[PDB]
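Listed here are the chains, written in short residue letters.
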Amino acid sequence: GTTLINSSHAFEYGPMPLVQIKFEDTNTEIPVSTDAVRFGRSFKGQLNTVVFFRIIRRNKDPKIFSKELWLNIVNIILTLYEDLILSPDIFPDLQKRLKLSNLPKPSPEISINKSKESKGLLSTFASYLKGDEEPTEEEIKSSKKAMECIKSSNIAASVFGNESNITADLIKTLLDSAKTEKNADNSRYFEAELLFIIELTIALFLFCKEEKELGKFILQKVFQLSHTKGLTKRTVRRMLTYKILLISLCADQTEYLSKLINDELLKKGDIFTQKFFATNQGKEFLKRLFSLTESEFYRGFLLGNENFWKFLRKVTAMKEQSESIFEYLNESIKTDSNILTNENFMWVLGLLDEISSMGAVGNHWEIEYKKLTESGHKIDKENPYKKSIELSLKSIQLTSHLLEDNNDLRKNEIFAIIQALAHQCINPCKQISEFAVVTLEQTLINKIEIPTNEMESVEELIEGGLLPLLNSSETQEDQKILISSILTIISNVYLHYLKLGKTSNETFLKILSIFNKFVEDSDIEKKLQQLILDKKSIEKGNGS
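- Structure determination for this PDB entry was carried out by cryo-EM, with a resolution of 3.3 Å recorded in the header.

Right, here's the structure in full:
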């Protein structure tokens, strides 16, 4: 009897299509629809609605409800939604907890703006103007009364703001009432209603988290509704945020997360574009994913996936997000230090190398830097990529520290760390290169154990470190600085580890062989003679 929900049961079939008038006096919008006008001309319907929602509000029994009653409540709520009466923003707290903002309002049909609020009668006739059908001001009066009656009712608090009506039946019927077809009749509120239903059902699930089966069902429904076609981009974005939230709330849904990562994040494209991950919302999405890296259940899968790390490499190439990725990585390494599993090393080291390779923009600034310094002039705003340069330095420091706190390496990761430090040592940036050589020297002299069963021969250390780098010196003029740094590090490491006694003169023999490989140009030869004098000095010193 609420004259809003009905069933399929004059000479013109015209159902009076929906039109909206927004006026100009203040900011007040009035929808005019067939359901709206029928509600405006039915006092009995107004009484029925107010009493029905009062009864729903007071009813302190979840079990005494029926399935048909739940369906009727949902249908009334949805009908008020589609008539532009019920405010779509039902749960502002959930939107603020995430970083979404003001669910897409169900758009009206063909709309007419009424600048003047007054009566009609003999006016605006025989002088062009007009033309639209438009409400006859009685429909306008009725629609105003309809909005007033609905606001006098407290639908939002009556149904959801009860804390006892929110049981599995409500979420189930809300999901089952969703629409999966874009009919021409309901084209104006398809995506909006999808988002509204998803958000409201997720909020109601938040109110009752200790229902595992309901969680699985709601996740399945959300995924099925998301994989549909003909959805605008913003709908896909919001549903992505909702999907990651639901995955976080549940306990063991590894397959769904795999589907999310692979299908949505890696393959979509042109949707998860550059700007999407910098909109205050992509940051929330990424923070949710990284927090999901720390959980009782979603740990082992998120470690050994290689598609998670492929996506991490994709998002760490983005200029703005690099600092956030580095902060997450650094916190994970410092706090528990268990993110580095037995097989995770190459991926995380790749992420570190990517965040340390900002020497591109470093030398981009350095171009004009050297252009103005080679002249007798002055530059004040220095290192426009100062954030990027400091990030690269912190990444190299993170690698240096990463060579520690494990103590059970396989020497493959040792070679990898040394190679990564060298590869950054090739970098154009002067500060980056200097930090790389300094930290590589420090790590080599006081961070790798010499007489360990893992690696008990410094020859292999040198030959998996500097030797592989110098074997690829085919960069023409760029080889001179790289070789000078390589040999300088070699000499320093050789001296430092000789000063601590030790044995295996094959170390000396191999270093001599490397020097012979670079014996040309005689500058390396004089360096060899100098370190030979240093060798004699160390001989005397260790003797006495």
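Read on for the rest.
### Section: helix 12 (residues 282-292)
And step 1. Counting buried positions along helix 12 yields eight of eleven residues, so the element is predominantly enclosed.
And step 2. Taken residue by residue, helix 12 has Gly282, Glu284, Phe285, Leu286, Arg288, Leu289, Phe290 and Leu292 as its buried positions.
And step 3. Elements that come into contact with the buried residues of helix 12 comprise helix 4 (92-97), helix 10 (233-249), helix 11 (254-267), helix 14 (307-316) and helix 15 (322-335).

### Section: the environment of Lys243
And step 1. Take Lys243: it is sitting in helix 10.
And step 2. Residues in contact with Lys243, not counting those within four places in the same chain, are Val222, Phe223, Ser226, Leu260 and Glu264.

### A short note on the packing of helix 15 against helix 18 (residues 386-402)
And step 1. It is the contact of helix 15 with helix 18, at a shortest axis distance of 11 Å, that shows an interaxial angle of 20°. It follows that helix 15 is roughly parallel to helix 18 by the angle criterion. Crossing of helix 15 over helix 18 shows left-handed handedness. Contacts from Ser322, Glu323, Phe326, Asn330 and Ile333 of helix 15 reach helix 18 at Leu391, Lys394, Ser395, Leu398, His401 and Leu402.
And step 2. Within the contact of helix 15 with helix 18, the residues separate by chemical class into five nonpolar, four polar and two charged.

### What about empty space enclosed by the protein?
And step 1. Computed from the structure, the largest cavity encloses a volume of approximately 100 Å³.
And step 2. Considering the residues around the largest cavity, the lining is formed by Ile333, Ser337, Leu340, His401, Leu402, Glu404, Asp405 and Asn406.

### Considerations on the environment of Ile445
And step 1. Mapped onto the fold, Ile445 is located in helix 20 (residues 430-446).
And step 2. Separated by 51 residues in sequence, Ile445 and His496 place their C-alpha atoms 6.7 Å apart.

### Let's talk about the pattern of salt bridges
And step 1. Applying the stated criterion across every chain yields a total of 16 salt bridges.
And step 2. In this structure, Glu264 and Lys243 form a salt bridge, with 3.6 Å as the shortest nitrogen-oxygen distance. One end of the pair, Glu264, is in helix 11; the other, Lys243, is in helix 10, with 21 residues separating them in the sequence.
And step 3. Here the salt bridges share partners, and the residues they tie into one network are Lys99, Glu284, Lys287 and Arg288.

### Remarks on the packing of aromatic side chains
And step 1. Scanning all chains against the criterion turns up 15 aromatic pairs.
And step 2. Aromatic pair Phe277 and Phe311: ring centres 5.7 Å apart, planes at 50°, arrangement tilted. With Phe277 in the loop between helix 11 and helix 12 and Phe311 in helix 14, this pair connects stretches of sequence that are 34 residues apart. Of the two residues examined, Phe277 and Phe311, each falls in the buried class.
And step 3. Among the aromatic residues, those joined into a cluster by ring pairs are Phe272, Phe276, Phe277, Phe285 and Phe311.
And step 4. In this structure, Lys172 is placed above the aromatic ring of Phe217, and the distance from its NZ or CZ to the ring centre is 5.0 Å.

### Quick word on the layout of surface pockets
And step 1. Estimated volume of the largest pocket: approximately 910 Å³.
And step 2. Along the lines of polarity and charge, the residues of the lining of the largest pocket split into six nonpolar, eight polar and ten charged.
And step 3. Here the second largest pocket is characterised by a volume of approximately 630 Å³.
And step 4. Residue assignment for the lining of the second largest pocket shows that the elements contributing at least two residues are helix 1 (34-40) and helix 3 (67-82).
And step 5. Here the element with the most residues in the lining of the second largest pocket is helix 3; it accounts for four residues.

### Concerning the packing of helix 16 (residues 345-356) against helix 18
To describe two helices that pack against each other, one gives the angle between their axes and the distance between the axes.
And step 1. Contact pair helix 16 / helix 18: the axes reach a minimum separation of 8 Å and the direction vectors enclose 150°. As judged from the angle between their axes, helix 16 and helix 18 are roughly antiparallel. When you trace helix 16 past helix 18, the crossing you get is left-handed. Each of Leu349, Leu352, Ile355 and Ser356 in helix 16 lies in contact with helix 18, whose residues at this interface are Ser392, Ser395, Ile396, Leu398, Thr399 and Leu402.
And step 2. Its residues assigned to classes, the contact of helix 16 with helix 18 comprises six nonpolar, four polar and no charged.

About the thresholds
- Residues numbered from 1 in each chain as written, not as in the entry; some residues may be left out.
- Part of a larger assembly, values for the part shown.
- Heavy atoms only, no water.
- Buried < 20%, exposed > 50% of the residue type's maximum accessible area, 1.4 Å probe, protein only.
- Helix = DSSP H or I, 4+ residues; strand = E, 2+ residues; numbered from the N terminus.
- Contact = heavy atoms within 4.5 Å.
- Axes fitted to C-alpha atoms, helices over the stretch in contact; angles between N-to-C directions.
- Parallel < 35°, antiparallel > 145°, perpendicular 65-115°, else oblique.
- Left-handed = near helix turned anticlockwise from the far one by under 90°.
- Nonpolar A, V, L, I, M, F, W, Y, C, P; charged D, E, K, R; others polar.
- 1 Å grid on protein atoms, 1.4 Å probe; cavity = no way out; pocket = protein on both sides within 12 Å on 5 of 7 lines; lining within 4 Å.
- Points joined across faces, edges and corners; volume = space filled by probe spheres on them.
- Salt bridge = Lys/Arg side-chain N within 4 Å of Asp/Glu carboxyl O.
- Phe/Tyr/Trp six-rings, centres within 6.5 Å; stacked < 30°, edge-to-face > 60°.
- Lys NZ or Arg CZ within 6 Å of the ring centre and 35° of its normal.

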